[PDB]
Every structure is written in C-alpha cells, then in structure tokens.
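What follows is a single chain, given as structure tokens, in the form whose entry title says "active state".
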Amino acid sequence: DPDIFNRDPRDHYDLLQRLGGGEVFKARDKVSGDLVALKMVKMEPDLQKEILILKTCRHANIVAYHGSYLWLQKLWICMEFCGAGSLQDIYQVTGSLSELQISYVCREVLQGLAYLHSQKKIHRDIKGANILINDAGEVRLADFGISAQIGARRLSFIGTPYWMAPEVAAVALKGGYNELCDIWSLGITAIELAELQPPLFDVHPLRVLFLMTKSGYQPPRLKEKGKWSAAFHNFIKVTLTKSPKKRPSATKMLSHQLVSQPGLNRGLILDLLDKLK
C-alpha cells in the first residue's frame, strides 16, 4: 500500500493472456524478457493485506512478489509466473497423482508452511488450486487473500469449507484458533490429489462445516485402502487430527516418513507434466 508504484504496469509489461476468474494475466517484462503474473482487481477508492504478507515473504515455496501497481482505479499485483498453473489445473487433465508425486508436493508445501508459521502467518486456504507448479516441476504457494498475520489466535470464519479445519468451522462457538489449521487443509489436499476431489465434495459446503463440528465426527480417510502405503494412511491419520492441541506442526511433519523418504524431487512433477501429453 505504501510501496505501491503509481504507474501503468503495461509500460514495462506486455500482457499476454487471461488466466483468472479477480483476474490474472500472463505478462513479460519488456526489457528483461522475464515472464510474470499480474493479478488485477478493480478498485473503487471508497482485504489488500495479501500484499503485506507477500512483500514480507522470502521463500522458494512461496510465490515471489515483485511490486504492486495502481492505475485508473485498477490495482495490479506482480508475482512469480508458474508455467503449469495450479495442481488443480493439472490433475483435472492428468488424473490422480502417484503417491510419490503427492509425497513430494506435501514436503514442499510443509516447507512453505513451516517458514510461513515461523513468520507468525497462516495461509488458511491450502488447496490444490492454490498450489502452483512451474515448468521446472517446482512448487509454490499462492492466494494469500484470506491468509492471516498474527501479532495470538484468529477469530475469523473463513476458508474453503471442504479444506477447513474443524476448529475453524466451529470458531463462532469454540473461540479462536491458530496456525495448525493449515496442517488439516494439507491433509485434505493430499486426498484431493489422491482422489481428484476432497472428501464430502458433493455435500453442501455449509453442511460439511456443520457435520465437522459434530461430536463424534470422523476425520476423512483415503478410500482405496490397499492402493496406498502404510506411510500415506498414517500421514492422513495424523494430519487430519481433530483436536488442534494434538495435531502436529509443519516442522514435526517434515520429519514424517512419507515426506522424509528418499527419491522425492522436482523430477516426479516433471514426470507428471509429461502426462499432459
């Protein structure tokens, strides 16, 4: 907001495509030739904290920020371009990922969460659609629009219901919650990647919240049992823990068998980006 450039962004950037719907364009720094992504939102001068959260980030797993432009009542946010788009854009064509593929993504997201949490920040919208893959098979985090800055417990009722932790769903009754909700959202996201839908996705979202506040609510499991390994079923069991008091941190999960086992690298995602042909 204070480091905004009052400049037409088209001055130094060729816009190349429409990808969004706020709207999001593929662009190119004219002099540099470097690709970027410009998120444009129409702004009547009469929730822009996403800027505050990104400008202060400095991590490979978090989408990179380059500056914000404001022109003619239009707000443009310049960020790091990711060739293959979201994992949702991908898996919809590809089909469900392998366990190694899923394993890699979780390690990378947990890397981005660990950093983000130590910065005293929660994403609160971890889902396949907010995880971006660059042409080099790398993983980045995006859509910090509903993400929160702490400085100790959040009170807001927000998220995408299917991916929302139960302590968030019940926030109006159970009081504040904290950063362990991104770990729940990650577990759901693992299943999203495994089954192409999050659990209960055909249920009305508001109902899925109510259901998940019920006493005796059972956290989701993977459907095909034998299809996945012992290490994966456990990763789900523990990430999807109801009591946030008992649910592991990002740091503790990075040392889990599923994400600590060898073989995991940006290669498996390139192997996934091949199936897009």
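Residue indices: 1-based, along the sequence shown. For the two forms, the rigid core is made up of the largest set of C-alpha atoms that agree within 1.5 Å on superposition.
Enquirer: With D46 and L47 adjacent in the shown sequence, let me know how many deposited residues between them lack coordinates: none, 1 to 3, 4 to 9, or 10 or more.
Expert: Going from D46 to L47, the model skips 4 to 9 residues of the deposited sequence.
Enquirer: If I compare the deposited sequence with the modelled residues, how many are absent between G21 and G22: none, 1 to 3, 4 to 9, or 10 or more?
Expert: Unmodelled stretch: 1 to 3 residues, a short break.
Enquirer: Comparing average C-alpha B factors as deposited, tell me which of 268-276 and 3-11 sits higher.
Expert: Averaged over C-alpha atoms, the B-factors run higher in 3-11.
Enquirer: Once you work out the mean C-alpha B-factor for both 162-170 and 134-142 from the entry, which is higher?
Expert: It is 134-142.
Enquirer: Taking the values straight from the PDB record, which of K227, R247, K214, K252 has the highest C-alpha temperature factor?
Expert: Within the set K227, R247, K214, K252, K227 shows the top C-alpha B-factor.
Enquirer: Determine which member of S156, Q197, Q101, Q149 has the highest CA B-factor, using the values in the deposited entry.
Expert: The listed residue with the largest C-alpha B-factor is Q149.
Enquirer: Sorting the chain's CA B-factors, does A37 end up in the lowest, middle or highest third?
Expert: Middle third.
Enquirer: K120's Cα B-factor: lowest, middle or highest third of the chain?
Expert: Middle third of the chain for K120's C-alpha B-factor.
Enquirer: Considering every modelled residue of the chain and its Cα B-factor in the PDB entry, is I183 in the lowest, middle or highest third?
Expert: Lowest third, going by the recorded CA B-factors of the chain.
Enquirer: Hey, what third does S68 fall into on Cα B-factor, ranked over its chain?
Expert: CA B-factor rank for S68: highest third.
Enquirer: Would you mind checking where the Cα B-factor of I77 ranks among the modelled residues of its chain, as the lowest, middle or highest third?
Expert: For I77, the deposited C-alpha B-factor lands in the highest third.
Just so you know, the form whose entry title says "inactive state" exists too; it's not on screen, but the next bit is about it.
Enquirer: In a fit on the core, which one among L54, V208, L240, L38 has a Cα that moves 2 Å or more between the shown form and the other one?
Expert: Meeting the 2 Å or more criterion is only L54.
Enquirer: After the core is matched up, is the C-alpha of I146 off by 2 Å or more between the shown form and the other one?
Expert: Yes, the C-alpha position differs by at least 2 Å between the shown form and the other one.
Enquirer: Given a change of 3 Å or more, say if the Cα atoms of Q119 and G145 sit closer or farther in that other deposited form than in this form.
Expert: Result: closer.
Enquirer: A 3 angstroms or greater change in CA distance between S103 and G145 is reported in that other deposited form. Closer or farther than in this form?
Expert: Compared with this form, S103 and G145 lie closer in that other deposited form.
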